[PDB]
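**Student:** To start, I am sharing the structure in question, which I have written as structure tokens.
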Number of protein chains: 6
Amino acid sequence: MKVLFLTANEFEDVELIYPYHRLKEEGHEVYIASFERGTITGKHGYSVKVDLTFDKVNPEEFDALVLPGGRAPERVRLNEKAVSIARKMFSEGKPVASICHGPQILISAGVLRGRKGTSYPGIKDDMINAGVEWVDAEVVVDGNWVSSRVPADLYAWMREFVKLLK
Amino acid sequence: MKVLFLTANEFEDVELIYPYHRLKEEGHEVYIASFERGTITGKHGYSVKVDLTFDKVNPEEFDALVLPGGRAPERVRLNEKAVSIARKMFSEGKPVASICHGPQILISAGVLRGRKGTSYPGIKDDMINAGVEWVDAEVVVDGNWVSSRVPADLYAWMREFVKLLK
Amino acid sequence: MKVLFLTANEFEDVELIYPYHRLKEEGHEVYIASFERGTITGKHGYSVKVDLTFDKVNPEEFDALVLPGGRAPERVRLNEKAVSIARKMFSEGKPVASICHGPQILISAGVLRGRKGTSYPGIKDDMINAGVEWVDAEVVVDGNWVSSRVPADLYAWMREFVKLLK
Amino acid sequence: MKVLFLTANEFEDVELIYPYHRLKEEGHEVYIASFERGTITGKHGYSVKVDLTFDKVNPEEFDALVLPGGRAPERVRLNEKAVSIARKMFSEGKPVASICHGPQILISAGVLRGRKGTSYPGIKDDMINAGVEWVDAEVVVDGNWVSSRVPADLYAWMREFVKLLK
Amino acid sequence: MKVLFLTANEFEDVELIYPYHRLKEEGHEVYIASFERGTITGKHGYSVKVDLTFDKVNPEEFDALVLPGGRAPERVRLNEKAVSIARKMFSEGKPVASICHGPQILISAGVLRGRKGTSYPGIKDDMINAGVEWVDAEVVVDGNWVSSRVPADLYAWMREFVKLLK
Amino acid sequence: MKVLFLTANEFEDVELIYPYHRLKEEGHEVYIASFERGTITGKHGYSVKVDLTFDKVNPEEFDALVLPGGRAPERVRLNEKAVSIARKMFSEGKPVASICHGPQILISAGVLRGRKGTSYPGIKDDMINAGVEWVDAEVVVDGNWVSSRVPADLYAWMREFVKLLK
């Protein structure tokens, strides 16, 4: 299965790298999409290469979506193309994994009303204002949406997402 | 007039330091409140001393509120006392100045429903979801609430807030 | 009134940003001059755009001068044009505001002989050797020359300078 | 199964965090052992808590071993107790996973003569001089020893190690 | 011969470390004096241990003095005890080596009028105002005073100072 | 005498800068060779200019070799040309000075069997596996090979190497 990542500079390093490798282990093809070609750098200094830009992404060519946290979501959520990618994939019922600030992108896509999930505790009120029934758990599974809160939840986060992709 | 600042570590340096000195110039007494006594450090390294903790703050003792941006608001908005301080002061109609991520505290206080203002563009969707008519202006004045977006707006931000306190 | 700033990379961030916005608030036009066009970065990481180079600066076109501190003055004071700009404006009796290491430029301009002011305490001996009656005060006003010591003096610094420009 | 990690300050962040969560996903208990109690910080800034010190480790109480890379191995390999732990566990046939500089600890344990595996290419000559049949592959499996080279190999590294612990 | 170093946090790393070892090579005993016991850290991150505090130093117990550059001199020159140490040793005709900002300490000691030397070009005007006939050379030898400008002058700087100590 | 330095990015700053100036003091010509032209930066941030690339180096055109430590050796030792340069110069009996991780390049050159010397203690086992009679001393002299362990050994390191070039 082809998994797409929507991220940018200042992403939370492990929230991108962990799922990237965890999914590759299963045989899934992983792709990193961002504003421009070249590379992006995490808040901790890890550098990763961008596979394609938001503009070149066709939501229909991917089967799953992963939204890492960090400061990147606040910039990504202002990009019409990136938000539409997430809106389409999420609404189509495709698997979507989010952690930390990653769901800010889904908030902006306007697809979370009535959904159940979690996020970085610091933005729980924004998730709630978007219609999310917020849960304080290491991992929440709501249909196609698997969400976690912080790096400490990584193990549980992909444990559930991997199952969904099987 | 006694002005209270609700902030913490990782505050946007100039968004705290600028209004602090600008108001001090007018003769106003400025107080920095945070989680604990001692000092706090901004995103850029500037250090400032804390005057009193959130718990020791009595809203009735202060006449105006300033909410600097940065990453601090996302931690401060999780403190019940800090949020109650903002809710009370804002509700009483006391002058409240916010910039960047600062209004995330007002979102959590539940006082922005039906109000008009601005903020860091990255969280405009969260402001909208809280009931704010979001304006893309360097400074917005809605009754007692004076709001701005980024450091580039500093001059207009305090220009309007100072008038409110006159 | 048109205010000129002589600075460069490694300027003390708030000593540049504070007066820039404070004066802009009053309606004054503020211009940043440095070695080359583009942008310069302060000791703490803040970035600001350069309006014009020292070479393109015509002293007769500006009404006031601001000299921020940091490590920048020690590089700026070695630029003949920059020093001549300061010498002319100061000599003409135009308002000149300096803080921290900023007056090192005035020392090099040779205009402080017999004047009274202050600066970062670390260079008081250099100010004295240049003929300055050094005062340990948050702000000193000597005719057209308004001087301060450290970031903690910002409020008093511009409070007096603004009056001079009124 | 109880998995022990031998590491210290300046460990390669993801080479410790990735296996830590990947193994926890399977239900294995993971323990971080280092020089002293408290916390240790990776080269990229991630902080992890130390569960026990080398001195308090009883090799017989753990079932598997993980050796992350970074600069930590060159310090850990100088601690006779830490090296004795690795020698004991490795020679007993217990599963041992190494990556990057991690195997420097095994070189010092004197248990690699005649074995096959890999490591950070920069120290391949040292692995060879220690009797290793060095292979340039993302992952090598030689009995109880699963080895990899760099962070890009993470997915294959744990893919194989997990199979060993099953 | 016993050589004393007057420095503090933020010293230019190589301007302290180079002469320290270069003189030890000759068999001279080297001592690091600063504000407090423990260690100090250079601007580049090198950490060195303090042998004794300024207060515990007896100028008569040392035969030569070295003044590294960096930001440390601006803090050291405000310490009455440190300045008196330099004033006494320099006036007694003992060998004194200075580089970069190091001579700011001698300026404050008030012993440079009429002397010939150099320093970081950025403070040449302050050296001149102190009565120094400033020379732009990698190394200047004026009796007991050997001075240089920047790290690039290190080889020439100690080449001359070593001769003086022979 | 013409002294060649084999190094690269992340070299231990003082282990390159110290011998560079100490040797220049004697009148020796020093040349920095690395992967590409331009500049290289030490682990602590010091920048030095590259005089020539490994590819353009003719071992016969240089009389002595210096191998600084840091992380650079582990990358340099993977460059077949750089390693061939060290092998040639070392086996020809030309003076060679190494410190810290510097000798990893000599291990890869295959010229240390039966030789006596030292290095960063962290890689002593690798030096031993390469046939070295490892000695724990600030400086070791074995014919044309002068070796040291850490920055604290600098004074003794060059004291002995200088004697060799005399």
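We label chains A, B, ... in the order they appear in the structure tokens, count residues from 1 in each chain, and number ligands from 1 in the order shown.
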Counting only C-alpha atoms, what is within 9 Å of region 10-23 of chain F, bar same-chain residues fewer than 2 positions away, as a ChimeraX atom specification?
**Tutor:** /E:13-14,17-18,21-22,152-156,158-159 /F:3,5,7-8,25-31,40-48,66-73,99-100,150-151,154,157-158,162
**Student:** Write down, as a list in words, each residue of chain C that has any atom within 9 Å of an atom of chain E, counting only C-alpha atoms.
**Tutor:**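 Listed by rising number, the hits are residues 73, 74, 75, 76, 77, 78, 104, 107, 108, 121, 122, 123, 125, 126, 127, 129, 130 and 131 of chain C.
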**Student:** Using DSSP on the backbone coordinates, identify all residues within chain B classified as helix (DSSP H, G or I); present the result as a PyMOL selection string.
**Tutor:** chain B and resi 13-26+54-56+59-61+73-76+80-91+104-109+121-129+151-165
**Student:** Quick one: pull the distance between CA of residue 90 (chain C) and CA of residue 63 (chain C), Å, one decimal.
**Tutor:**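 Separation between CA of residue 90 (chain C) and CA of residue 63 (chain C): 10.4 Å.
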**Student:** So which bits of region 89-157 of chain D end up strand (DSSP E or B) when you DSSP the backbone, as a PyMOL selection string?
**Tutor:** chain D and resi 96-99+116-117+133-134+140-142+145-148
**Student:** What does the distance between CA of residue 55 (chain A) and CA of residue 83 (chain A) come to in Å, to one decimal place?
**Tutor:**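 So the answer is 11.1 Å.
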**Student:** Mind pulling up the distance from CA of residue 89 (chain E) to CA of residue 146 (chain E)?
**Tutor:**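 These two atoms are separated by 13.7 Å.
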